[PDB]
$ cat run37.pdb   # PDB, C-alpha atoms
ATOM      1  CA  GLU A   1       0.000   0.000   0.000  1.00  0.00           C
ATOM      2  CA  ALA A   2       1.192   3.491  -0.746  1.00  0.00           C
ATOM      3  CA  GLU A   3       0.817   6.632   1.323  1.00  0.00           C
ATOM      4  CA  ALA A   4      -1.936   8.392  -0.658  1.00  0.00           C
ATOM      5  CA  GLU A   5      -2.614   8.126  -4.386  1.00  0.00           C
ATOM      6  CA  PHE A   6      -1.329  11.680  -4.582  1.00  0.00           C
ATOM      7  CA  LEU A   7      -4.167  13.950  -5.605  1.00  0.00           C
ATOM      8  CA  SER A   8      -3.527  17.567  -4.767  1.00  0.00           C
ATOM      9  CA  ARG A   9      -0.816  17.477  -2.163  1.00  0.00           C
ATOM     10  CA  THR A  10       1.005  20.604  -1.534  1.00  0.00           C
ATOM     11  CA  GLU A  11       3.893  19.769   0.682  1.00  0.00           C
ATOM     12  CA  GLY A  12       5.895  22.371   2.447  1.00  0.00           C
ATOM     13  CA  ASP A  13       9.132  22.066   4.303  1.00  0.00           C
ATOM     14  CA  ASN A  14       8.609  24.127   7.357  1.00  0.00           C
ATOM     15  CA  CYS A  15       5.370  24.235   9.348  1.00  0.00           C
ATOM     16  CA  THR A  16       3.728  26.709   7.018  1.00  0.00           C
ATOM     17  CA  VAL A  17       1.740  25.717   4.006  1.00  0.00           C
ATOM     18  CA  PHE A  18       0.633  27.593   0.943  1.00  0.00           C
ATOM     19  CA  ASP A  19      -1.595  25.727  -1.399  1.00  0.00           C
ATOM     20  CA  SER A  20      -1.652  26.826  -4.972  1.00  0.00           C
ATOM     21  CA  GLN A  21      -5.056  25.239  -5.635  1.00  0.00           C
ATOM     22  CA  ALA A  22      -6.661  26.677  -2.564  1.00  0.00           C
ATOM     23  CA  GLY A  23      -4.984  30.053  -2.923  1.00  0.00           C
ATOM     24  CA  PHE A  24      -4.654  30.302   0.849  1.00  0.00           C
ATOM     25  CA  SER A  25      -1.570  30.250   2.980  1.00  0.00           C
ATOM     26  CA  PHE A  26      -1.758  28.798   6.458  1.00  0.00           C
ATOM     27  CA  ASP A  27       0.699  29.200   9.322  1.00  0.00           C
ATOM     28  CA  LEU A  28       0.421  26.460  11.859  1.00  0.00           C
ATOM     29  CA  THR A  29       3.283  27.823  13.849  1.00  0.00           C
ATOM     30  CA  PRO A  30       1.105  29.105  16.892  1.00  0.00           C
ATOM     31  CA  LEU A  31       0.034  25.473  17.110  1.00  0.00           C
ATOM     32  CA  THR A  32       3.605  24.554  17.965  1.00  0.00           C
ATOM     33  CA  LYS A  33       4.069  24.178  21.668  1.00  0.00           C
ATOM     34  CA  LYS A  34       7.113  23.344  23.729  1.00  0.00           C
ATOM     35  CA  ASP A  35       4.833  21.718  26.267  1.00  0.00           C
ATOM     36  CA  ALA A  36       3.077  20.010  23.338  1.00  0.00           C
ATOM     37  CA  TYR A  37      -0.361  18.435  23.074  1.00  0.00           C
ATOM     38  CA  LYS A  38      -1.562  15.315  24.796  1.00  0.00           C
ATOM     39  CA  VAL A  39      -4.383  13.103  23.756  1.00  0.00           C
ATOM     40  CA  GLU A  40      -5.383  10.603  26.374  1.00  0.00           C
ATOM     41  CA  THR A  41      -7.027   7.276  25.865  1.00  0.00           C
ATOM     42  CA  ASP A  42      -7.872   4.476  28.270  1.00  0.00           C
ATOM     43  CA  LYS A  43      -4.321   3.251  28.661  1.00  0.00           C
ATOM     44  CA  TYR A  44      -2.192   5.458  26.493  1.00  0.00           C
ATOM     45  CA  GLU A  45      -1.454   9.024  25.810  1.00  0.00           C
ATOM     46  CA  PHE A  46      -0.241  10.504  22.690  1.00  0.00           C
ATOM     47  CA  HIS A  47       1.846  13.522  23.015  1.00  0.00           C
ATOM     48  CA  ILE A  48       2.415  15.324  19.782  1.00  0.00           C
ATOM     49  CA  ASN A  49       3.498  18.691  18.629  1.00  0.00           C
ATOM     50  CA  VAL A  50       2.915  20.560  15.404  1.00  0.00           C
ATOM     51  CA  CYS A  51       6.264  21.268  13.837  1.00  0.00           C
ATOM     52  CA  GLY A  52       9.655  20.558  15.225  1.00  0.00           C
ATOM     53  CA  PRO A  53      10.092  18.147  18.060  1.00  0.00           C
ATOM     54  CA  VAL A  54       7.974  17.296  21.054  1.00  0.00           C
ATOM     55  CA  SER A  55       9.247  17.908  24.515  1.00  0.00           C
ATOM     56  CA  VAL A  56       7.967  14.967  26.487  1.00  0.00           C
ATOM     57  CA  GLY A  57       9.895  13.140  29.176  1.00  0.00           C
ATOM     58  CA  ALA A  58       8.884   9.809  27.688  1.00  0.00           C
ATOM     59  CA  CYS A  59      10.797  10.074  24.438  1.00  0.00           C
ATOM     60  CA  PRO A  60      14.077  11.675  23.219  1.00  0.00           C
ATOM     61  CA  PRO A  61      14.020  15.430  22.208  1.00  0.00           C
ATOM     62  CA  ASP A  62      14.542  14.430  18.545  1.00  0.00           C
ATOM     63  CA  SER A  63      11.076  12.993  18.512  1.00  0.00           C
ATOM     64  CA  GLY A  64       8.138  15.084  17.278  1.00  0.00           C
ATOM     65  CA  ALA A  65       5.454  12.751  18.563  1.00  0.00           C
ATOM     66  CA  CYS A  66       5.610  10.332  21.429  1.00  0.00           C
ATOM     67  CA  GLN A  67       3.190   7.913  22.942  1.00  0.00           C
ATOM     68  CA  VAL A  68       3.421   6.359  26.295  1.00  0.00           C
ATOM     69  CA  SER A  69       1.368   3.663  27.805  1.00  0.00           C
ATOM     70  CA  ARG A  70       0.067   5.049  31.020  1.00  0.00           C
ATOM     71  CA  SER A  71      -0.698   1.449  31.826  1.00  0.00           C
ATOM     72  CA  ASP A  72       2.736  -0.260  31.198  1.00  0.00           C
ATOM     73  CA  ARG A  73       4.937   2.876  30.943  1.00  0.00           C
ATOM     74  CA  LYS A  74       5.963   1.694  27.483  1.00  0.00           C
ATOM     75  CA  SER A  75       6.722   4.501  25.146  1.00  0.00           C
ATOM     76  CA  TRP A  76       7.134   4.559  21.435  1.00  0.00           C
ATOM     77  CA  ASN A  77       8.361   7.062  18.919  1.00  0.00           C
ATOM     78  CA  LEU A  78       5.714   8.322  16.553  1.00  0.00           C
ATOM     79  CA  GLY A  79       8.066  10.208  14.387  1.00  0.00           C
ATOM     80  CA  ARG A  80      11.199  12.199  14.676  1.00  0.00           C
ATOM     81  CA  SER A  81      11.234  15.981  14.484  1.00  0.00           C
ATOM     82  CA  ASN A  82       9.957  17.321  11.200  1.00  0.00           C
ATOM     83  CA  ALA A  83       7.816  20.177   9.903  1.00  0.00           C
ATOM     84  CA  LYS A  84       6.357  18.817   6.687  1.00  0.00           C
ATOM     85  CA  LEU A  85       2.903  20.260   6.277  1.00  0.00           C
ATOM     86  CA  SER A  86       0.991  18.923   3.427  1.00  0.00           C
ATOM     87  CA  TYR A  87      -2.151  20.325   2.095  1.00  0.00           C
ATOM     88  CA  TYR A  88      -4.446  17.748   0.782  1.00  0.00           C
ATOM     89  CA  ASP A  89      -7.494  18.750  -1.208  1.00  0.00           C
ATOM     90  CA  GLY A  90     -10.004  19.298   1.538  1.00  0.00           C
ATOM     91  CA  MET A  91      -7.702  19.256   4.671  1.00  0.00           C
ATOM     92  CA  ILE A  92      -4.180  19.992   5.838  1.00  0.00           C
ATOM     93  CA  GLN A  93      -2.081  17.005   6.939  1.00  0.00           C
ATOM     94  CA  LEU A  94       1.261  16.775   8.702  1.00  0.00           C
ATOM     95  CA  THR A  95       3.428  13.722   8.253  1.00  0.00           C
ATOM     96  CA  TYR A  96       6.208  12.875  10.721  1.00  0.00           C
ATOM     97  CA  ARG A  97       9.433  10.931  10.258  1.00  0.00           C
ATOM     98  CA  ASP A  98      10.316   7.256  10.663  1.00  0.00           C
ATOM     99  CA  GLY A  99      10.827   7.478  14.438  1.00  0.00           C
ATOM    100  CA  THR A 100      10.550   3.887  15.563  1.00  0.00           C
ATOM    101  CA  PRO A 101       9.079   1.075  13.371  1.00  0.00           C
ATOM    102  CA  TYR A 102       6.830  -1.620  14.787  1.00  0.00           C
ATOM    103  CA  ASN A 103       8.266  -5.105  14.285  1.00  0.00           C
ATOM    104  CA  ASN A 104       6.945  -6.028  10.897  1.00  0.00           C
ATOM    105  CA  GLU A 105       8.544  -7.263   7.712  1.00  0.00           C
ATOM    106  CA  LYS A 106       7.955  -3.963   6.020  1.00  0.00           C
ATOM    107  CA  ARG A 107       9.967  -2.136   8.812  1.00  0.00           C
ATOM    108  CA  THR A 108       7.092   0.243   9.051  1.00  0.00           C
ATOM    109  CA  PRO A 109       7.785   3.371  11.031  1.00  0.00           C
ATOM    110  CA  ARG A 110       5.226   4.368  13.595  1.00  0.00           C
ATOM    111  CA  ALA A 111       4.392   7.781  12.395  1.00  0.00           C
ATOM    112  CA  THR A 112       1.933  10.464  13.104  1.00  0.00           C
ATOM    113  CA  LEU A 113      -0.350  11.976  10.546  1.00  0.00           C
ATOM    114  CA  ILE A 114      -2.265  14.927  11.764  1.00  0.00           C
ATOM    115  CA  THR A 115      -5.297  15.841   9.781  1.00  0.00           C
ATOM    116  CA  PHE A 116      -6.395  19.369  10.313  1.00  0.00           C
ATOM    117  CA  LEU A 117     -10.026  20.081  10.070  1.00  0.00           C
ATOM    118  CA  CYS A 118     -11.829  23.298   9.658  1.00  0.00           C
ATOM    119  CA  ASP A 119     -13.406  24.581  12.776  1.00  0.00           C
ATOM    120  CA  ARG A 120     -14.788  28.074  12.184  1.00  0.00           C
ATOM    121  CA  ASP A 121     -13.842  29.453  15.609  1.00  0.00           C
ATOM    122  CA  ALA A 122     -11.955  27.412  18.123  1.00  0.00           C
ATOM    123  CA  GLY A 123      -8.557  28.654  19.020  1.00  0.00           C
ATOM    124  CA  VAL A 124      -5.213  27.069  18.619  1.00  0.00           C
ATOM    125  CA  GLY A 125      -6.900  23.770  18.278  1.00  0.00           C
ATOM    126  CA  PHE A 126      -7.277  20.467  19.965  1.00  0.00           C
ATOM    127  CA  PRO A 127      -6.083  17.188  18.355  1.00  0.00           C
ATOM    128  CA  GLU A 128      -8.017  13.951  18.786  1.00  0.00           C
ATOM    129  CA  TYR A 129      -6.769  10.412  18.254  1.00  0.00           C
ATOM    130  CA  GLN A 130      -8.757   8.651  15.645  1.00  0.00           C
ATOM    131  CA  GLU A 131      -7.220   5.649  14.048  1.00  0.00           C
ATOM    132  CA  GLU A 132      -3.982   3.908  13.839  1.00  0.00           C
ATOM    133  CA  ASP A 133      -4.647   1.477  11.034  1.00  0.00           C
ATOM    134  CA  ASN A 134      -2.634   2.557   8.067  1.00  0.00           C
ATOM    135  CA  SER A 135       0.513   1.979  10.218  1.00  0.00           C
ATOM    136  CA  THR A 136       0.469   5.668  10.884  1.00  0.00           C
ATOM    137  CA  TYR A 137      -1.409   7.296  13.709  1.00  0.00           C
ATOM    138  CA  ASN A 138      -4.063   9.701  12.515  1.00  0.00           C
ATOM    139  CA  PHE A 139      -5.157  12.540  14.645  1.00  0.00           C
ATOM    140  CA  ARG A 140      -7.712  15.112  13.767  1.00  0.00           C
ATOM    141  CA  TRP A 141      -7.028  18.627  14.715  1.00  0.00           C
ATOM    142  CA  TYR A 142      -9.834  21.120  14.986  1.00  0.00           C
ATOM    143  CA  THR A 143      -8.265  24.464  14.428  1.00  0.00           C
ATOM    144  CA  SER A 144      -9.394  27.729  12.961  1.00  0.00           C
ATOM    145  CA  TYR A 145      -5.850  28.043  11.508  1.00  0.00           C
ATOM    146  CA  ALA A 146      -6.643  25.258   9.053  1.00  0.00           C
ATOM    147  CA  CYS A 147      -9.766  26.858   7.737  1.00  0.00           C
ATOM    148  CA  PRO A 148     -10.081  29.732   5.174  1.00  0.00           C
TER
END
$ encode --input "run37.pdb" --output "structure tokens"
Amino acid sequence: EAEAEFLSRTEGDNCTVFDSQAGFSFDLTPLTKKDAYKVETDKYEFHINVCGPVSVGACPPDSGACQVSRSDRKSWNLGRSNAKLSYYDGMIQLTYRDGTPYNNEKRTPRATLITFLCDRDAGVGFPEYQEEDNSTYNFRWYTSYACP
């Protein structure tokens, strides 16, 4: 399986994205936090940051997204520091680096894909953990900064 069929992806380098189709430029830099964001589940938390690295005490500073089992205290790397914002027709998505791969034959990196959704008036935004399934962890982020 391939990561997207590639239909309208505008990929930036730093955590700012300008999409030529959409004609709008979005800065997701205020969304970057040193303290970072934490999504909590029953037995795990996902701590992620938009752009750069994540400063969690569960994973090395070179990580941009880190999860830790609040149950076992196991922690995994969900991608090393990166700032690649991609604008996908419809929503903005951020893809993180290889970090730490599972244990599969494909050597598949546990990565974080943050899908930014339009929320007309919210604030900086709150991410929510949706589905790890595509070997990458997808979070939805409701932020006004992702909406025109």
$ residues_around --input "run37.pdb" --residues "range 141-143 of chain A" --least-positions-apart "2" --cutoff "7 Å" --atoms "all atoms listed in the file" --output "list in words"
residues 114, 115, 116, 117, 118, 119, 122, 123, 124, 125, 126, 127, 128, 139, 145 and 146 of chain A
$ resolve_selection --input "run37.pdb" --expression "the PyMOL selection byres ((chain A and resi 30) around 9)" --output "PyMOL selection string"
chain A and resi 27-29+31-33+50+124+145
$ resolve_selection --input "run37.pdb" --expression "the PyMOL selection byres ((chain A and resi 136) around 12)" --output "ChimeraX atom specification"
/A:2-3,65,77-79,94-102,108-115,129-135,137-139
$ residues_around --input "run37.pdb" --residues "residue 75 in chain A" --least-positions-apart "4" --cutoff "9 Å" --atoms "all atoms listed in the file" --output "PyMOL selection string"
chain A and resi 58-59+66-70
$ resolve_selection --input "run37.pdb" --expression "the PyMOL selection byres ((chain A and resi 19) around 9)" --output "list in words"
residues 9, 10, 11, 17, 18, 20, 21, 22, 23, 24, 25, 26, 86, 87 and 88 of chain A
$ residues_around --input "run37.pdb" --residues "residue 54 in chain A" --least-positions-apart "3" --cutoff "6 Å" --atoms "all atoms listed in the file" --output "list in words"
residues 49, 63, 64 and 65 of chain A
$ closest_residue --input "run37.pdb" --among "A:106, A:83, A:51, A:74" --to "residue 1 in chain A" --atoms "only C-alpha atoms"
A:106
$ atom_distance --input "run37.pdb" --atom1 "CA of residue 120 in chain A" --atom2 "CA of residue 44 in chain A"
29.6 Å
$ axis_aligned_box --input "run37.pdb" --around "range 42-58 of chain A" --padding-each-side "6 Å" --output "AutoDock Vina command-line options"
--center_x 1.1 --center_y 12.3 --center_z 21.5 --size_x 30.0 --size_y 30.0 --size_z 27.3
$ closest_residue --input "run37.pdb" --among "A:81, A:14, A:144, A:93" --to "residue 55 in chain A" --atoms "only C-alpha atoms"
A:81
$ atom_distance --input "run37.pdb" --atom1 "CA of residue 121 in chain A" --atom2 "CA of residue 47 in chain A"
23.6 Å
$ atom_distance --input "run37.pdb" --atom1 "CA of residue 56 in chain A" --atom2 "CA of residue 38 in chain A"
9.7 Å
$ closest_residue --input "run37.pdb" --among "A:57, A:5, A:89, A:45" --to "residue 72 in chain A" --atoms "only C-alpha atoms"
A:45
$ closest_residue --input "run37.pdb" --among "A:41, A:104, A:71, A:8" --to "residue 90 in chain A" --atoms "all atoms listed in the file"
A:8
$ closest_residue --input "run37.pdb" --among "A:73, A:53, A:62, A:140" --to "residue 91 in chain A" --atoms "only C-alpha atoms"
A:140
$ closest_residue --input "run37.pdb" --among "A:15, A:34, A:46, A:61" --to "residue 85 in chain A" --atoms "all atoms listed in the file"
A:15
$ decode --input "run37.pdb" --residues "range 23-42 of chain A" --atoms "N, CA and C atoms" --output "mmCIF file, in the first residue's frame"
data_model
loop_
_atom_site.group_PDB
_atom_site.id
_atom_site.type_symbol
_atom_site.label_atom_id
_atom_site.label_comp_id
_atom_site.auth_asym_id
_atom_site.auth_seq_id
_atom_site.Cartn_x
_atom_site.Cartn_y
_atom_site.Cartn_z
ATOM 1 N N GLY A 23 -5.274 28.623 -2.903
ATOM 2 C CA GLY A 23 -4.984 30.053 -2.923
ATOM 3 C C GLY A 23 -4.920 30.670 -1.522
ATOM 4 N N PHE A 24 -4.743 29.838 -0.520
ATOM 5 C CA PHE A 24 -4.654 30.302 0.849
ATOM 6 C C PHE A 24 -3.384 29.783 1.479
ATOM 7 N N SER A 25 -2.773 30.603 2.280
ATOM 8 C CA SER A 25 -1.570 30.250 2.980
ATOM 9 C C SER A 25 -1.877 30.122 4.465
ATOM 10 N N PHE A 26 -1.441 29.054 5.076
ATOM 11 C CA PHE A 26 -1.758 28.798 6.458
ATOM 12 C C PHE A 26 -0.500 28.595 7.292
ATOM 13 N N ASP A 27 -0.427 29.302 8.406
ATOM 14 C CA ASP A 27 0.699 29.200 9.322
ATOM 15 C C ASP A 27 0.248 28.422 10.517
ATOM 16 N N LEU A 28 0.823 27.272 10.731
ATOM 17 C CA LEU A 28 0.421 26.460 11.859
ATOM 18 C C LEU A 28 1.473 26.503 12.950
ATOM 19 N N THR A 29 2.229 27.553 12.914
ATOM 20 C CA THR A 29 3.283 27.823 13.849
ATOM 21 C C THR A 29 2.785 28.120 15.308
ATOM 22 N N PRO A 30 1.642 28.878 15.529
ATOM 23 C CA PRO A 30 1.105 29.105 16.892
ATOM 24 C C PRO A 30 0.671 27.785 17.540
ATOM 25 N N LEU A 31 0.454 26.794 16.694
ATOM 26 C CA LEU A 31 0.034 25.473 17.110
ATOM 27 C C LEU A 31 1.210 24.681 17.675
ATOM 28 N N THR A 32 2.405 25.159 17.431
ATOM 29 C CA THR A 32 3.605 24.554 17.965
ATOM 30 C C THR A 32 3.742 24.928 19.432
ATOM 31 N N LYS A 33 3.904 23.943 20.270
ATOM 32 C CA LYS A 33 4.069 24.178 21.668
ATOM 33 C C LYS A 33 5.262 23.397 22.186
ATOM 34 N N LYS A 34 5.983 23.987 23.102
ATOM 35 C CA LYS A 34 7.113 23.344 23.729
ATOM 36 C C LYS A 34 6.590 22.257 24.644
ATOM 37 N N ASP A 35 5.522 22.609 25.330
ATOM 38 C CA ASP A 35 4.833 21.718 26.267
ATOM 39 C C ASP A 35 4.120 20.602 25.508
ATOM 40 N N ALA A 36 3.719 20.931 24.274
ATOM 41 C CA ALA A 36 3.077 20.010 23.338
ATOM 42 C C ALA A 36 1.655 19.612 23.745
ATOM 43 N N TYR A 37 1.013 18.856 22.883
ATOM 44 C CA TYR A 37 -0.361 18.435 23.074
ATOM 45 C C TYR A 37 -0.421 16.999 23.520
ATOM 46 N N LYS A 38 -1.400 16.669 24.337
ATOM 47 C CA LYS A 38 -1.562 15.315 24.796
ATOM 48 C C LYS A 38 -2.988 14.844 24.610
ATOM 49 N N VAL A 39 -3.121 13.760 23.927
ATOM 50 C CA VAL A 39 -4.383 13.103 23.756
ATOM 51 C C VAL A 39 -4.350 11.892 24.660
ATOM 52 N N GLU A 40 -5.364 11.691 25.418
ATOM 53 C CA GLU A 40 -5.383 10.603 26.374
ATOM 54 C C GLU A 40 -6.444 9.591 26.023
ATOM 55 N N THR A 41 -6.103 8.328 26.133
ATOM 56 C CA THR A 41 -7.027 7.276 25.865
ATOM 57 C C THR A 41 -7.209 6.495 27.159
ATOM 58 N N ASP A 42 -7.686 5.277 27.077
ATOM 59 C CA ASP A 42 -7.872 4.476 28.270
ATOM 60 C C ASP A 42 -6.543 4.129 28.911
#
